[PDB]
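Written out below as structure tokens is the structure these notes cover.
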Amino acid sequence: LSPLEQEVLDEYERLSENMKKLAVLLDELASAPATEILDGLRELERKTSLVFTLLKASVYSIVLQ
Amino acid sequence: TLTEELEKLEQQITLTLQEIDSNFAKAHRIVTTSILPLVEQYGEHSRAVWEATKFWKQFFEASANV
């Protein structure tokens, strides 16, 4: 059947195309920022500790001393 | 000579007493002059400093209180 052929063929073509888009987009979208995120965040720990963690340090130091 | 030195040193004693009173009252005037308003000004500015610390202390309290 040519109508059934057209239906399943076009529909599965769309699915295959969308899945190729899925693979590429998902991989880049979730890979590229991830490294940048964790790098900036380990540095963020190194920075935020110098405002907040030191605040806890000074507080403990004074209250205990 | 005897009674002479007696009266002389007696007058010296009285004069010295009055001098001691003068120095004493001078110290009294110095304290009563402006020392009290001076420390009042000191405490006033100190009070302002406490108003300064009134802000940042809240954050230290917050750190202790998570």
With the condition kept exactly as written, say whether any residue in segment A:47-55 is within 29 Å of the chain's Cα centre (by Cα), more than 14 Å from every other protein chain (Cβ to nearest Cβ) and in a helix (DSSP H, G or I). yes
Residue that is farthest from the other protein chains (Cβ to nearest Cβ), among those in segment B:34-66 that are within 19 Å of A:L64 (Cα to Cα) and among the polar types (S, T, N, Q): B:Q58
Condition check: surrounded by 10 or more Cβ atoms within 10 Å (Cβ to Cβ) and either among the acidic types (D, E) or touching a residue at least 40 places away in the same chain (Cβ under 8 Å) (or both). Does A:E43 satisfy that? yes
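Don't worry about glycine lacking a Cβ; one is built from the backbone with ideal geometry, like all the others, and counts go over all protein chains shown. Since every read-out is calculated from the coordinates, none of them should be taken as a lab result.
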